[PDB]
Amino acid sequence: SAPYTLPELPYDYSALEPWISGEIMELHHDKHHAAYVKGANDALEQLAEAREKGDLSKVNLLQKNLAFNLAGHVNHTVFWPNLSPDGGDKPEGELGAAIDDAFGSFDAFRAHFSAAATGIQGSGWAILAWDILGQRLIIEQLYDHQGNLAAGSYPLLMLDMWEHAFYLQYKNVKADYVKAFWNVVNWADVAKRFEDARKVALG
């Protein structure tokens, strides 16, 4: 099947200023995300080579390379369209109602998501996801790209808390980055994903 590819940004590289700089968007998308695409394709290619030669002695390496890079690729693929120069404000419609039901209010959702974002020790993400078993909205606090999450959980809104996502602009003051993020959230994009996710069940 077709290899992974780097998706293009769906807005100008400087479209998210003054909240996320064009300097960051260029490095983050063009360099960091590109590396995951290559790493994910390479992990699959190397696993196919291992199977074909009958030597799976490096399986642990290949499986971590696969998880790390595929997770990085999935996470950034969702992240870019989650942002918009026409973003901000609050979720509406069925997504807004579901957030009120799952978290109490938009304010409480935001406070929980923000606390999950700033609490990470090392690299990671705060995400809103749909649990396909319970058929419900949850927040997950990812470690690196591929840890601290349940299988099947379907990503809806991502916030990258790796230092490369904010350091050039905000230095160590990551809370100011988290606050800025709310200005650029593309709730229409999150709503489309929610429509897709709600059709998925574990079985």
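Start at 1 and count along the sequence shown; that's the residue number.
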So, looking at the entry's B-factor column for Cα atoms, which has the higher mean, 123 to 131 or 93 to 101? 93 to 101
Would you determine, from the values in the PDB entry, which of 51 to 59 and 134 to 142 has the greater average C-alpha temperature factor? 51 to 59
Based on the PDB entry, the highest CA temperature factor among the options 28, 38, 174, 64 is that of 174
Assigned third (lowest, middle, highest) for the C-alpha B factor of residue 45: highest
